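A.B. asks: To start, I am sharing the structure in question, which I have written as structure tokens.
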Amino acid sequence: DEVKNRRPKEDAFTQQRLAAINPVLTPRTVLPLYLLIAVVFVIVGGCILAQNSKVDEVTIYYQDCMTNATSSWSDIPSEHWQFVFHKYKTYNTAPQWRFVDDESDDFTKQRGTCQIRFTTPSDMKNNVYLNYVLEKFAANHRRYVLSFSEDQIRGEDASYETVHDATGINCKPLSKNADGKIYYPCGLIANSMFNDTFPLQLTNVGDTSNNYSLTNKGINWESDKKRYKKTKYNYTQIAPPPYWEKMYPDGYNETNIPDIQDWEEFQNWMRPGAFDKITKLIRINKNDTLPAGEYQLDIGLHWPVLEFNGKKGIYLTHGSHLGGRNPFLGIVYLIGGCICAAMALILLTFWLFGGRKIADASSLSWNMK
Amino acid sequence: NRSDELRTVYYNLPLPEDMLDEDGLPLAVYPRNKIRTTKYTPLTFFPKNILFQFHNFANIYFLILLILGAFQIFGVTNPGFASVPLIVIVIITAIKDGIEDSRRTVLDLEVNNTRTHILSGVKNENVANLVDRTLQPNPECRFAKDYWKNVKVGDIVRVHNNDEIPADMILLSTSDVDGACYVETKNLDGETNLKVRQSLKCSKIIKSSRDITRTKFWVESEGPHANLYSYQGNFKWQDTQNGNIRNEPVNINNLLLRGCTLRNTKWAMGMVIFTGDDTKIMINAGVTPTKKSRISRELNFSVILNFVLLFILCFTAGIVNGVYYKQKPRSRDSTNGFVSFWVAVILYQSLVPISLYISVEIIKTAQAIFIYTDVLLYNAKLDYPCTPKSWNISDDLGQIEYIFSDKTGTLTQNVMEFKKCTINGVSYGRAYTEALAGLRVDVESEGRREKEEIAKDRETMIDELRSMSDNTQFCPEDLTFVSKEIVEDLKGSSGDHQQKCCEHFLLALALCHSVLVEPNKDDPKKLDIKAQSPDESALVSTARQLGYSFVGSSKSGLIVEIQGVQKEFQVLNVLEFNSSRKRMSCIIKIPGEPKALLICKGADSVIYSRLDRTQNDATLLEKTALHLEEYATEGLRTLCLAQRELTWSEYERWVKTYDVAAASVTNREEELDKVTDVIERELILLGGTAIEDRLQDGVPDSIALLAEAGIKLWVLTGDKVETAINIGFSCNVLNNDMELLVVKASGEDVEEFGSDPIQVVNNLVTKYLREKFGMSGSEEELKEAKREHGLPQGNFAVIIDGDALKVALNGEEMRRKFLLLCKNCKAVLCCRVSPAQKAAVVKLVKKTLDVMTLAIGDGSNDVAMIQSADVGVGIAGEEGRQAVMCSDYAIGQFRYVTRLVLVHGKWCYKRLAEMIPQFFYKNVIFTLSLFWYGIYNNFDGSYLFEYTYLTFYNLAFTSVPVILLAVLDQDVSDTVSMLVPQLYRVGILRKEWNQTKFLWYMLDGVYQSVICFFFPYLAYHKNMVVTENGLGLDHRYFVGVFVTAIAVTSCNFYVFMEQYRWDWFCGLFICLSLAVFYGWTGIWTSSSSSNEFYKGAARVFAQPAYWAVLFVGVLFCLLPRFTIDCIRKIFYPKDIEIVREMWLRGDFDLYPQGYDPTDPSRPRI
Ligand SMILES: *[C@@H]1O[C@H](CO)[C@@H](O[C@@H]2O[C@H](CO)[C@@H](O[C@H]3O[C@H](CO)[C@@H](O)[C@H](O)[C@@H]3O)[C@H](O)[C@H]2NC(C)=O)[C@H](O)[C@H]1NC(C)=O
Ligand SMILES: CC(C)CCC[C@@H](C)[C@H]1CC[C@H]2[C@@H]3CC=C4C[C@@H](O)CC[C@]4(C)[C@H]3CC[C@]12C
Ligand SMILES: CC(C)CCC[C@@H](C)[C@H]1CC[C@H]2[C@@H]3CC=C4C[C@@H](O)CC[C@]4(C)[C@H]3CC[C@]12C
Ligand SMILES: CC(=O)N[C@@H]1[C@@H](O)[C@H](O)[C@@H](CO)O[C@H]1O
Ligand SMILES: *[C@@H]1O[C@H](CO)[C@@H](O)[C@H](O)[C@H]1NC(C)=O
Ligand SMILES: *[C@@H]1O[C@H](CO)[C@@H](O)[C@H](O)[C@H]1NC(C)=O
Ligand SMILES: *[C@@H]1O[C@H](CO)[C@@H](O)[C@H](O)[C@H]1NC(C)=O
Ligand code: ALF
Ligand SMILES: [Mg+2]
């Protein structure tokens, strides 16, 4: 003899029934937002401007000291110094500067000492920063940035393979010298180390009795030292970079290994610049307030700058809660607030004077034809 | 394929027992019965999928940059492992497509694992007077278990009632004499009536199940010769009395197709002839194409535009190297130009991030799973929700402008009934329609009142009939009659003439029928009724309910029980309904004084032509005629009844002329037609019956919504033209004042336009386009018809036959003229259309006037246009399971589409239209920043950001908000979108997304990147020491991280602002994305593997200057676009914000989220 569920899930999320708040672009609820944003940000921009014009700074350009100075104190050409002081807006007070030659050194391209005497009509509120600024010196090229090896930072005895045949981050051009001694500082970053001997003190002019001394130690993050350790090489396979021979005619002997841990300035130079203008911290002061008066600084010139038409100078600043002194933030805040207010007012006047009905149920597309 | 070389298969000629080869013929090429409805072959799937994915232009350039990235001799470091994102995206695409194909294959397997049985137990020749009564049948014959997997040419199959057809079939033996079986071709066409199929005349005498295996013969049959209704076979057999071979030819009429089903036959054995692709459904099916989305084409156009941007940028960026490279300054230590360009292009490698296609497929899969899980589309009547089969197509729905439907299961179910009748100009029965909407806004209250009145009338009709007497088989499941006056006019309160007329009308309603009465196999008490036609079954059920039950088919007469008393009539002759006659008649005899009675049911035109107009009272006929005309112009389909009385001599000479003319041989058709004409020229009409077909739930309102939303729809019909016409009038599609521009090729018009159909249709189209409306012309007309994108105008209707449409579609001039005519019209109906014809016309309408269409339908015939419409949707359920094989989507019933396509389509069409600008903004903001930074360092090719950023940013930081905006966006509420579907006009006019919009966002991104770079750079430029402590900065990576944080927060805020639905979900992910950005930066810099930074968190997030620059960047990223949008809102107010404001004001407040079409009782005021 012959003989011949699947209910879907019902949840709030499954049916897309979540608590929603549809935004509304009606003027009566968005104009207050415009007004409050405009006023709050224009007043904070004004506060930024006020906190920005409260710091003084001085820049002195001495990249051409030998060709323009004499053995006596001479006035600084106008294109080599720029002052900002909130106390005095017309404080020109052209300082003086001179150069003295040293015959003990044979590097005729860059040798000697440049002395700058300058006046200060204000005081530095227990915070002094002396920096070296550079221009027309490209320090961000692709191979230049990578021209170093992180393995040497830990102090391990890297081999030629580990420094030249490594991954994309290695010192390619200056891995090895002519004889075959591996560089402990390898690459262009360490080879382009600067040769401007900055003093550890300030030579006062008015009060030569108690003239103040600076301190370049501790100018980097304390925790960051935990990554940089002492060299652990065999004091025989290490040679200085070819541009470092002036500091070591023989090289590294048994008692001259440069401890990276306490060398903050070299580590600071290991942070290559990004733009055409480059400056790093080299002198810091937080012990005592710097008083007003005349001050003299002596700088040793061994690092060539003019051979590539570059420029160098010194930059002294008290510092501020907004870093260096710059009015650009105040300008953009002010212009943003002003343009927001102007746009709000102009949209209001079109909406009122030349404005139609707020909403019509018969103005839609199908309602003409 | 195979056309000639007919296959000769033996039967009842056993092979020798000592050696067998399990066949009677040598080996030949054998198409397998397995039906492959999937996309790609599982064995050969990878190359097809890759080549389909290879057709884009972004993945190929990713592949070449990974390949050429290593071919450069010491130019860039060897990738080694920097190639896995391409691998993972291609394998995840392959896995998704493989899961889709796995679902298709498991569906095919569960279809093909049905049940079939073939007899065995005795020695078979293949696999283990005329009639004599000497051999006793062997009791070993039992039905075995068989599957559709192993059926092939050379096999016999036994099929019973309520079973489908395994393949193309030849009728051998049926349950009755003469071998006549009844089949529905519903999957092939939407005909209502059963289809008659006669078996072989040689096997019309065998009765017992063993007598089918008592004669020896052989079969000569040809293969599929690529035809639809043509077949030639030869059955040859040897006689036992004399030695000779006698043959019989077999035409198409004996051939049974595949996509059919057997009704009203207990058992039938047949011979398998065609297997596999030989079936007509496989011929008309197609190849189930890739079904590739439209938006991806212009997405690839945008991608190649970005490639051109990269090429033009690096063609002027790399040229600066040479004016400084060969010049001063230098204190560091052609082919060089080419390597500089190469390093620049590998630097700017993220203008088009790889995440594009993976994000697109993730969004599409999320949309598909949400569509699947949507409970508002669940069809609880048969436990099947809306299932998206192909998940690649979930974005094309927004541009749906044209709708193509069928009659098999789309517009209506397979049920009809009786509602109204005219007896002597008196109406009986009442229904509910919307025909009073416009004869002179409040129509819902009247509709509800009428529905309540109909319900009350039906209830009281049922009550009166159960109370006045106890009918034997009275059940309310088929009582569709409403009018109660029938009882008191039968009681005798309606005079004598009207009483007799209504009594005879009711009697004739229960006599003219081709139905056979059979007892129910479940309960003998309540016998079931199985008719040769659905309208006949409905009429028989109504007659059973009204107390004139028809039981039994005696040798001379039929049993009729009136109210309980049973009597047998005396039927004399029956003339069956003919497709060309449009009339079916019966001749019976009543013993008094005996008298012959003729009653014929037919079409209105034929009934009115066959009448006695030469003498009459000029009142009854005129009132009946006016009732007929009013029903026709309301849109009712009806039949008419004509009787006549004959004396003894009249009956005698009628039967004499019948026996001498129609009972003859040699083409008795003309003689029978002449006899019927001469006997029915004189007739007396007695009234008319009206058949009514029930459509799907919510068809008229759905059609109205689609029409008012700008989506002008079409309906393509099958069986007959009058069926489609009355269906259209019943629905709210065809209006009475609407002009019917009927287009027929072989109608009665020919007597004044006789020529070939080409010239006939040319003259018709010229007289249409010159007289009523002047737009004659082709090229200029097409140019003007390109630029409308949908508008309902013209208020006319066109009806076209299959031959007319094919002769207008063959030629290109005819095609464009028909396209112009159909664009001018709004009610295009196509009838007698073959699957190939409708596929060709849908291809033409898709190509010319490029518009994205839909082919909703049901059956095995509509696939031809389904696979053409580029969006696949079909009616699933117990009624149709064959179109859903190829359809992209498969609905429970048509009532879902009218919401789905009207809501989700638009939704996604906007969601993606917003996601694409966000995705091509989030990469420009990252890449043009590097480009701008390059101007310092002079395009040397130095990274500004961390090496891990270029691979981790687009994958973790700014990816989540864009994806969430694309997926969980809600432009408007579903209820409000359904209430006002005019919003769909934006998808109709495609103004939302285009090249101008792309250029606007590209300029905005360029401006954004300009700001995002120039702000921190100008903040630094004075001193390089803006950090509140000096102590060391200036490194390229720190300015890079500042600008990347600015860019990512700007992108997140911009996505949040552009999002139309601010919920606790998208905002939560935006906040967590910002938090994870900060946390990952901190945790990466506070680790041993932080080689360069080692201090990023302390260097970045401890500095008020960083917060100030972030805030000012937020200002300058938000204000410009915000104010432009605010200005545009007043300048060119898009309808979206106006409807949103109206919604929020409270207009649509009392309306609940759960919209229901069956609730017109909303208290508006
Ligand atoms: C290698 O060992 C060296 C001996 O310790 C030393 O290099 C330099 O050796 C000279 C030889 O006496 C020292 O003296 C020089 O400087 C003094 C002034 O301090 C002069 O009076 C001497 O005449 C002579 O010019 C140097 O002081 C010494 N260099 C340093 C930096 O101390 C180093 O220890 C080793 N080499 C290096 C490069 O450090
Ligand atoms: C002496 C002059 C001619 C050159 C030196 C001045 C430098 C600092 C200025 C002057 C002209 C400037 C260029 C003007 C045009 C362009 C093209 C632009 O798409 C990238 C920036 C770039 C390349 C500028 C770079 C800086 C530039 C070269
Ligand atoms: C070199 C010249 C010819 C290039 C064309 C520049 C001018 C004509 C185009 C480029 C950008 C355009 C502006 C883009 C944005 C807006 C803001 C809108 O609210 C008013 C129109 C306005 C102000 C357009 C005015 C015309 C415009 C300034
Ligand atoms: C933090 C600290 O105490 N540093 C001192 C330093 O001031 C001193 O000059 C030096 C003498 O060798 O010894 C160090 O330990
Ligand atoms: C150096 O500068 C001084 C001061 O202006 C000037 O007089 C002198 O000519 C300069 N020397 C040059 C240009 O060689
Ligand atoms: C202070 O000035 C005197 C001038 O004779 C100089 O010798 C001394 O070195 C100066 N102080 C310091 C700390 O150098
Ligand atoms: C003064 O400066 C020295 C420089 O080494 C430092 O060690 C000391 O702590 C400072 N004194 C105070 C009170 O800060
Ligand atoms: F159902 Al058809 F042509 F057969 F529309
Ligand atoms: Mg219908």
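Lettering and numbering for the structure tokens are positional, with chains as A, B, ... in the shown order, residues counted from 1 in each chain, and ligands counted from 1 in the shown order.
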Output the neighbourhood of ligand 9 as a PyMOL selection string, that is, all protein and nucleic acid residues with some atom at most 9 Å from the ligand, counting only C-alpha atoms and all ligand atoms.

C.D. replies: chain B and resi 406-413+693-696+723-724+726-728+730-731

A.B. asks: Taking a cut-off of 12 Å and counting only C-alpha atoms and all ligand atoms, can you build a table that, for each residue of chain B near ligand 2, reports the nearest atom pair and how far apart they are in Å (one decimal), sorted by chain then residue number, as a Markdown table?

C.D. replies:
| residue | atom | partner | partner_atom_place_in_ligand_line | distance |
| --- | --- | --- | --- | --- |
| B:312 | CA | ligand 2 | 19 (O) | 11.7 |
| B:313 | CA | ligand 2 | 19 (O) | 9.1 |
| B:314 | CA | ligand 2 | 19 (O) | 10.7 |
| B:315 | CA | ligand 2 | 19 (O) | 11.3 |
| B:316 | CA | ligand 2 | 19 (O) | 7.8 |
| B:317 | CA | ligand 2 | 19 (O) | 7.3 |
| B:318 | CA | ligand 2 | 23 (C) | 10.7 |
| B:319 | CA | ligand 2 | 23 (C) | 9.9 |
| B:320 | CA | ligand 2 | 23 (C) | 7.1 |
| B:321 | CA | ligand 2 | 23 (C) | 10.2 |
| B:323 | CA | ligand 2 | 4 (C) | 9.8 |
| B:324 | CA | ligand 2 | 4 (C) | 9.6 |
| B:327 | CA | ligand 2 | 4 (C) | 12.0 |
| B:328 | CA | ligand 2 | 5 (C) | 11.6 |
| B:928 | CA | ligand 2 | 19 (O) | 11.7 |
| B:931 | CA | ligand 2 | 20 (C) | 9.1 |
| B:932 | CA | ligand 2 | 20 (C) | 7.5 |
| B:933 | CA | ligand 2 | 20 (C) | 9.5 |
| B:934 | CA | ligand 2 | 20 (C) | 8.4 |
| B:935 | CA | ligand 2 | 21 (C) | 5.2 |
| B:936 | CA | ligand 2 | 25 (C) | 7.4 |
| B:937 | CA | ligand 2 | 25 (C) | 9.9 |
| B:938 | CA | ligand 2 | 23 (C) | 7.4 |
| B:939 | CA | ligand 2 | 23 (C) | 9.0 |
| B:1010 | CA | ligand 2 | 19 (O) | 11.9 |

A.B. asks: Check which residues fall inside 10 Å of ligand 4 when counting only C-alpha atoms and all ligand atoms, and print them as number ranges by chain.

C.D. replies: A: 215, 217-218, 262

A.B. asks: Take the residues from that selection and write them out as a PDB file, in the first residue's frame, keeping C-alpha atoms.

C.D. replies:
ATOM      1  CA  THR A 215      74.266  72.957  33.981  1.00  0.00           C
ATOM      2  CA  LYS A 217      73.195  67.607  32.802  1.00  0.00           C
ATOM      3  CA  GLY A 218      69.714  66.175  33.187  1.00  0.00           C
ATOM      4  CA  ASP A 262      75.500  60.634  31.381  1.00  0.00           C
TER       5      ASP A 262
END

A.B. asks: Counting only C-alpha atoms and all ligand atoms, name the residues that have an atom within 8 Å of an atom of ligand 5; the answer should be given as an NGL selection string.

C.D. replies: :A and (64 or 67-69 or 75-77)

A.B. asks: Which is closer to ligand 1 than all the others in A:363, A:192, A:131, A:253, using only C-alpha atoms and all ligand atoms?

C.D. replies: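 Among A:363, A:192, A:131, A:253, it is A:253 that comes nearest to ligand 1.
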
A.B. asks: Could you list, as a JSON list (two decimals) with N, CA and C atoms, in the first residue's frame, all residues that come within 12 Å of ligand 6? Count only C-alpha atoms and all ligand atoms.

C.D. replies:
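The new file result-v8.json reads:
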[["chain", "number", "residue", "atom", "x", "y", "z"],
["A", 199, "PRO", "N", 79.93, 76.89, 26.78],
["A", 199, "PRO", "CA", 80.42, 76.98, 28.15],
["A", 199, "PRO", "C", 79.38, 76.50, 29.15],
["A", 200, "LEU", "N", 79.86, 76.13, 30.33],
["A", 200, "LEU", "CA", 79.02, 75.70, 31.44],
["A", 200, "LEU", "C", 78.72, 76.84, 32.40],
["A", 201, "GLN", "N", 78.85, 78.08, 31.96],
["A", 201, "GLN", "CA", 78.75, 79.23, 32.84],
["A", 201, "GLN", "C", 78.46, 80.48, 32.03],
["A", 202, "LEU", "N", 78.06, 81.53, 32.73],
["A", 202, "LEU", "CA", 77.77, 82.83, 32.14],
["A", 202, "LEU", "C", 78.79, 83.84, 32.66],
["A", 203, "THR", "N", 79.50, 84.49, 31.75],
["A", 203, "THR", "CA", 80.44, 85.54, 32.13],
["A", 203, "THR", "C", 79.69, 86.86, 32.24],
["A", 204, "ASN", "N", 79.47, 87.31, 33.47],
["A", 204, "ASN", "CA", 78.80, 88.58, 33.69],
["A", 204, "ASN", "C", 79.72, 89.74, 33.31],
["A", 205, "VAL", "N", 79.11, 90.87, 32.99],
["A", 205, "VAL", "CA", 79.83, 92.09, 32.65],
["A", 205, "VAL", "C", 79.73, 93.12, 33.77],
["A", 206, "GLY", "N", 78.53, 93.33, 34.30],
["A", 206, "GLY", "CA", 78.35, 94.26, 35.40],
["A", 206, "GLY", "C", 78.91, 93.74, 36.70],
["A", 207, "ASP", "N", 78.45, 92.57, 37.13],
["A", 207, "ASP", "CA", 78.87, 91.97, 38.40],
["A", 207, "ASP", "C", 79.74, 90.76, 38.09],
["A", 208, "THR", "N", 81.04, 91.00, 37.93],
["A", 208, "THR", "CA", 81.99, 89.93, 37.67],
["A", 208, "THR", "C", 82.34, 89.14, 38.93],
["A", 209, "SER", "N", 81.91, 89.60, 40.10],
["A", 209, "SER", "CA", 82.23, 88.89, 41.34],
["A", 209, "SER", "C", 81.47, 87.57, 41.42],
["A", 210, "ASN", "N", 80.14, 87.62, 41.36],
["A", 210, "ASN", "CA", 79.30, 86.43, 41.39],
["A", 210, "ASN", "C", 78.62, 86.31, 40.03],
["A", 211, "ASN", "N", 79.32, 85.68, 39.09],
["A", 211, "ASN", "CA", 78.82, 85.39, 37.76],
["A", 211, "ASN", "C", 78.41, 83.93, 37.64],
["A", 212, "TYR", "N", 77.25, 83.72, 37.03],
["A", 212, "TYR", "CA", 76.48, 82.50, 37.22],
["A", 212, "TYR", "C", 76.95, 81.39, 36.29],
["A", 213, "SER", "N", 76.80, 80.15, 36.75],
["A", 213, "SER", "CA", 77.16, 78.96, 35.99],
["A", 213, "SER", "C", 75.93, 78.11, 35.71],
["A", 214, "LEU", "N", 75.88, 77.53, 34.51],
["A", 214, "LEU", "CA", 74.77, 76.73, 34.05],
["A", 214, "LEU", "C", 75.05, 75.25, 34.30],
["A", 215, "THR", "N", 74.13, 74.40, 33.84],
["A", 215, "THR", "CA", 74.27, 72.96, 33.98],
["A", 215, "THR", "C", 73.54, 72.29, 32.83],
["A", 295, "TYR", "N", 75.57, 90.69, 29.86],
["A", 295, "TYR", "CA", 76.11, 89.35, 29.95],
["A", 295, "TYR", "C", 76.91, 89.02, 28.70],
["A", 296, "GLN", "N", 77.98, 88.25, 28.89],
["A", 296, "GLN", "CA", 78.89, 87.87, 27.82],
["A", 296, "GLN", "C", 78.96, 86.36, 27.73],
["A", 297, "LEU", "N", 78.86, 85.84, 26.50],
["A", 297, "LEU", "CA", 78.98, 84.42, 26.23],
["A", 297, "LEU", "C", 80.09, 84.18, 25.21],
["A", 298, "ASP", "N", 80.91, 83.17, 25.46],
["A", 298, "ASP", "CA", 81.99, 82.77, 24.57],
["A", 298, "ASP", "C", 81.66, 81.41, 23.99]]

A.B. asks: Might you pull out every residue within 10 Å of residue 246 of chain A, with only C-alpha atoms counted and same-chain residues fewer than 6 positions away left off, and present them as a PyMOL selection string?

C.D. replies: chain A and resi 105+107+195+240+302

A.B. asks: Include N, CA and C atoms and write out the residues we just selected as a JSON list (two decimals), in the first residue's frame.

C.D. replies:
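again.json, written as the output of this step:
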[["chain", "number", "residue", "atom", "x", "y", "z"],
["A", 105, "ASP", "N", 94.98, 75.35, 16.66],
["A", 105, "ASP", "CA", 94.21, 74.46, 15.82],
["A", 105, "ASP", "C", 94.48, 74.76, 14.35],
["A", 107, "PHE", "N", 92.47, 73.59, 11.76],
["A", 107, "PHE", "CA", 91.26, 73.55, 10.95],
["A", 107, "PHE", "C", 90.87, 74.98, 10.61],
["A", 195, "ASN", "N", 80.08, 70.49, 16.66],
["A", 195, "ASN", "CA", 81.37, 70.80, 17.25],
["A", 195, "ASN", "C", 81.42, 72.25, 17.72],
["A", 240, "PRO", "N", 86.27, 55.97, 16.08],
["A", 240, "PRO", "CA", 85.36, 57.11, 16.03],
["A", 240, "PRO", "C", 84.90, 57.36, 14.60],
["A", 302, "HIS", "N", 83.91, 75.17, 15.92],
["A", 302, "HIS", "CA", 84.59, 74.13, 15.16],
["A", 302, "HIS", "C", 83.69, 73.44, 14.16]]

A.B. asks: Identify every residue of chain A that has at least one atom within 7 Å of any atom of chain B, counting only C-alpha atoms, and report the result as a ChimeraX atom specification.

C.D. replies: /A:5-6,8-10,14-15,18-23,138,140-142,150,168,188,219-220,268,271-275,278-281,308,319-324,326,328-329,359,364-365

A.B. asks: Per DSSP on the backbone, filter segment 997-1123 of chain B down to the residues in helix (DSSP H, G or I) and report them as a ChimeraX atom specification.

C.D. replies: /B:997-1021,1036-1058,1066-1085,1096-1100,1104-1123

A.B. asks: Give the residue list for ligand 1 at 9 Å, counting only C-alpha atoms and all ligand atoms, as a ChimeraX atom specification, sorted by chain and then by residue number.

C.D. replies: /A:240,245-258

A.B. asks: Only N, CA and C atoms, please: the residues just picked out, written as a PDB file, in the first residue's frame.

C.D. replies:
ATOM      1  N   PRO A 240      86.267  55.968  16.084  1.00  0.00           N
ATOM      2  CA  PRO A 240      85.364  57.114  16.025  1.00  0.00           C
ATOM      3  C   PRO A 240      84.897  57.361  14.603  1.00  0.00           C
ATOM      4  N   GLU A 245      87.394  62.451  14.257  1.00  0.00           N
ATOM      5  CA  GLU A 245      88.826  62.267  14.450  1.00  0.00           C
ATOM      6  C   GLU A 245      89.474  63.448  15.157  1.00  0.00           C
ATOM      7  N   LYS A 246      88.897  64.646  15.037  1.00  0.00           N
ATOM      8  CA  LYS A 246      89.487  65.815  15.680  1.00  0.00           C
ATOM      9  C   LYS A 246      89.456  65.700  17.197  1.00  0.00           C
ATOM     10  N   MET A 247      88.475  64.984  17.744  1.00  0.00           N
ATOM     11  CA  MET A 247      88.419  64.761  19.181  1.00  0.00           C
ATOM     12  C   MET A 247      89.271  63.586  19.635  1.00  0.00           C
ATOM     13  N   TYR A 248      89.635  62.680  18.728  1.00  0.00           N
ATOM     14  CA  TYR A 248      90.467  61.527  19.066  1.00  0.00           C
ATOM     15  C   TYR A 248      91.390  61.216  17.900  1.00  0.00           C
ATOM     16  N   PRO A 249      92.601  61.777  17.901  1.00  0.00           N
ATOM     17  CA  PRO A 249      93.577  61.407  16.865  1.00  0.00           C
ATOM     18  C   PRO A 249      93.948  59.937  16.887  1.00  0.00           C
ATOM     19  N   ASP A 250      93.838  59.271  18.035  1.00  0.00           N
ATOM     20  CA  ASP A 250      94.163  57.856  18.153  1.00  0.00           C
ATOM     21  C   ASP A 250      92.942  56.950  18.114  1.00  0.00           C
ATOM     22  N   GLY A 251      91.785  57.433  18.573  1.00  0.00           N
ATOM     23  CA  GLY A 251      90.576  56.635  18.638  1.00  0.00           C
ATOM     24  C   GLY A 251      90.116  56.459  20.078  1.00  0.00           C
ATOM     25  N   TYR A 252      89.494  55.315  20.350  1.00  0.00           N
ATOM     26  CA  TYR A 252      89.057  54.961  21.699  1.00  0.00           C
ATOM     27  C   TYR A 252      90.070  54.001  22.308  1.00  0.00           C
ATOM     28  N   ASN A 253      90.800  54.482  23.307  1.00  0.00           N
ATOM     29  CA  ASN A 253      91.696  53.638  24.076  1.00  0.00           C
ATOM     30  C   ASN A 253      90.955  53.100  25.302  1.00  0.00           C
ATOM     31  N   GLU A 254      91.699  52.522  26.246  1.00  0.00           N
ATOM     32  CA  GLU A 254      91.075  51.775  27.333  1.00  0.00           C
ATOM     33  C   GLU A 254      90.318  52.659  28.317  1.00  0.00           C
ATOM     34  N   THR A 255      90.552  53.969  28.312  1.00  0.00           N
ATOM     35  CA  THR A 255      90.025  54.843  29.354  1.00  0.00           C
ATOM     36  C   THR A 255      89.339  56.068  28.764  1.00  0.00           C
ATOM     37  N   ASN A 256      88.638  55.900  27.641  1.00  0.00           N
ATOM     38  CA  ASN A 256      87.964  57.039  27.034  1.00  0.00           C
ATOM     39  C   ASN A 256      86.595  56.709  26.452  1.00  0.00           C
ATOM     40  N   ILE A 257      85.994  55.579  26.810  1.00  0.00           N
ATOM     41  CA  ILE A 257      84.709  55.190  26.237  1.00  0.00           C
ATOM     42  C   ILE A 257      83.647  56.194  26.667  1.00  0.00           C
ATOM     43  N   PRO A 258      82.957  56.839  25.727  1.00  0.00           N
ATOM     44  CA  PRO A 258      81.935  57.823  26.108  1.00  0.00           C
ATOM     45  C   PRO A 258      80.680  57.168  26.658  1.00  0.00           C
TER      46      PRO A 258
END

A.B. asks: Step by step, measure atom-to-atom distances between ligand 8 and each residue using only C-alpha atoms and all ligand atoms, keep those at most 7 Å, then write them as a PyMOL selection string.

C.D. replies: chain B and resi 188-190+406-408+716-719+831-835+861

A.B. asks: Between A:284, A:40, A:25, A:133, which one has atoms that come closest to ligand 7, using only C-alpha atoms and all ligand atoms?

C.D. replies: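 So, comparing all the options, the nearest one is A:284.
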
A.B. asks: Counting only C-alpha atoms and all ligand atoms, figure out which residue out of B:149, B:999, B:1080, B:461 gets nearest to ligand 3.

C.D. replies: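 Comparing B:149, B:999, B:1080, B:461 against ligand 3, the winner is B:999.
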